[PDB]
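Breakdown of the fold
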Amino acid sequence: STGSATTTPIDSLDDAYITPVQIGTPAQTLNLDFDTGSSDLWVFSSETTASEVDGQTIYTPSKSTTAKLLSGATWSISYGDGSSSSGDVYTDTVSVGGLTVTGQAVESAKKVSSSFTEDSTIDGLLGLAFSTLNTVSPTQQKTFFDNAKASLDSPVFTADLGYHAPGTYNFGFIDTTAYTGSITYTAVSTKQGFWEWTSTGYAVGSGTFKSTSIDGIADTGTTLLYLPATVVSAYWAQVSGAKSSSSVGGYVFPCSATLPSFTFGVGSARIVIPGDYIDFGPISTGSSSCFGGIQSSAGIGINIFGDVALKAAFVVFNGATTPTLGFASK
Ligand SMILES: Nc1ccc(CC(=O)N(Cc2ccc(N)cc2)C[C@H]2C[NH2+]CC=C(COC(=O)c3ccc(Br)cc3)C2)cc1
Ligand SMILES: Nc1ccc(CC(=O)N(Cc2ccc(N)cc2)C[C@H]2C[NH2+]CC=C(CO)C2)cc1
Ligand SMILES: O=C(O)c1ccc(Br)cc1
Ligand SMILES: [Cl-]
């Protein structure tokens, strides 16, 4: 089997991407944030505290003839930005772009934190990291991809995120028309439960390539590119007027600037992020200072290849017995 679904930026800055997902019978379509950095499929629901729902589409398990309460199962997740959500668990039929999994754990939110409430465009998350990070207790549950894997033509999914435009998530096949050149594959460590890999270096604009190992995760659920302070300083040093602002929480730059590109290495291959991809617009409405798309990971403990990087590439998440990651230009 295979599936193919369009993923769409939620706003003009590509702050996140949403992908329609069918849950239950008859289908209830929710727009989920596919997140290769986490491992729960959780949704706004009829059980979510009313005051914490503001425009989201909800899953109502009582209206699904295939929904079954998973007795005693609960979930609770907190994230690095202080956000959180929690609730109970149903099993139900879930379909993505024509690919169907029966008996998928659908984690129904009873509580969500304000940052989720405030994002009306995102109805939940679909985690695509390894199932070892799934939070359901006392019996851990599998991700949509793990559940689908055996049925897929090939045990892979691909992320093809657009810049200021829709893109595609494919399951079970590689669309050879979706990239240029070849796909370069690189080793993955699953020890921490992430798609963790090592970039071979970087360049800023037309500058010389610096060969250096940068360990990080491929994370479609993170908007920006988070890299070591040395790398980030070298990038912003090429932008007149750019500075690290403590009050704003990162590097900012004059909105009048044209940004240099940023290149990262994948083995002997190179992915080039155009400068425009690194502009995240005014720091506050009407400001002439803009927020940078490359920020320091210094306070994280890991580097994060988020959407800013991933959208410059066609990315293969290879879930074979020994997982790997592939990157192609496009
Ligand atoms: N107290 C705390 C600290 C860290 C964590 C990891 C965490 O937040 N994780 C890993 C994880 C995986 C599985 C599960 N069951 C739970 C979490 C979520 C990731 C999911 N991807 C999208 C978004 C993410 C959130 O990033 C940020 O907050 C962030 C903040 C500052 C900077 Br500089 C860069 C990014 C990354 C969670 C809580
Ligand atoms: N300082 C900071 C804050 C948050 C992060 C994570 C991150 O990237 N996001 C939050 C998040 C949290 C948890 C999950 N599981 C998925 C996404 C995405 C949001 C980033 N802010 C832009 C506006 C948004 C929506 O309008 C997108 C990174 C750095
Ligand atoms: O804020 C943090 O400490 C953090 C955020 C994301 C990830 Br992945 C790991 C750590
Ligand atoms: Cl300002």
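Here the focus is the environment of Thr29. Mapped onto the elements, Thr29 comes out in strand β3 (residues 28-35). Along the backbone, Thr29 and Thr176 are 147 residues apart, and their C-alpha atoms lie at a distance of 29 Å. Ignoring sequence-local partners within four residues, the contact set of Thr29 consists of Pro20, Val21, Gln22 and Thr57. Polar side-chain contacts of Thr29 include one of 3.0 Å to the side chain of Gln22.

Residues annotated by UniProt as "active site" correspond here to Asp35 and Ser199. One can find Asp35 in strand β3. The class for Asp35 is buried, based on a relative accessible area of 8%. Setting aside residues no more than four positions away along its own chain, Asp35 makes contact with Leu125, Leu126, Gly127, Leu128, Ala129, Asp219, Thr220 and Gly221. Position of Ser199 relative to the elements: it lies in strand β12 (residues 196-204). According to the relative accessible area criterion, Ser199 is buried, its value standing at 1%. In this structure, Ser199 is in contact with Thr212, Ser213, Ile214, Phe264, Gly265 and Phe305, ignoring residues within four places of it in sequence.

Here we come to the site of ligand 2. Inspection of the region around ligand 2 gives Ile10, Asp15, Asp35, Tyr79, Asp81, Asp119, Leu125, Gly221, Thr222, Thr223 and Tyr226 as its neighbouring residues. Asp35 is positioned such that a nitrogen or oxygen atom in its side chain is 3.4 Å from a nitrogen atom of ligand 2. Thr223 places a main-chain nitrogen or oxygen 3.0 Å from an oxygen atom of ligand 2. In isolation ligand 2 has 620 Å² of accessible area, and contact with the protein removes 61% of it.

The next subject is the sheet that holds strand β19 (residues 279-282). Taken together, the 4 strands give an open sheet; going across it, the order is β15-β16-β20-β19, and neighbouring strands pair in antiparallel fashion. Because the sheet does not close on itself, it has two edges, and the strands there are β15 (243-245) and β19. For this sheet, the mean angle separating the axes of adjacent strands, direction not counted, is 40°. As judged from the 2 bridges shared by β19 and strand β20 (residues 289-292), these two strands associate in the antiparallel manner. Residue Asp279 lies in a different strand from β20, and its bridge partner there is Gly292.

This part is about the site of ligand 3. Around ligand 3 sit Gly80, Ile217 and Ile300, and those are all the residues in its vicinity. Relative to its unbound accessible area of 300 Å², ligand 3 is 58% covered by the protein chains.

Reading the values: the criteria
Residues numbered from 1 in each chain as written, not as in the entry; some residues may be left out. Chains lettered and ligands numbered in written order. Heavy atoms only, no water. Residues with missing side-chain atoms left out of burial classes, pairs and counts. Helix = DSSP H or I, 4+ residues; strand = E, 2+ residues; numbered from the N terminus. Contact = heavy atoms within 4.5 Å. Polar contact = N/O pair within 3.5 Å; in protein donor to acceptor, adjacent residues only side chain to side chain. UniProt positions renumbered as here; feature names shortened; annotations may be inferred. Buried < 20%, exposed > 50% of the residue type's maximum accessible area, 1.4 Å probe, protein only. Near = heavy atom within 4 Å. Areas by Shrake-Rupley, 256 points an atom, 1.4 Å probe, with all protein chains shown as cover. Pairing = 2+ DSSP bridges. Axes fitted to C-alpha atoms, helices over the stretch in contact; angles between N-to-C directions.

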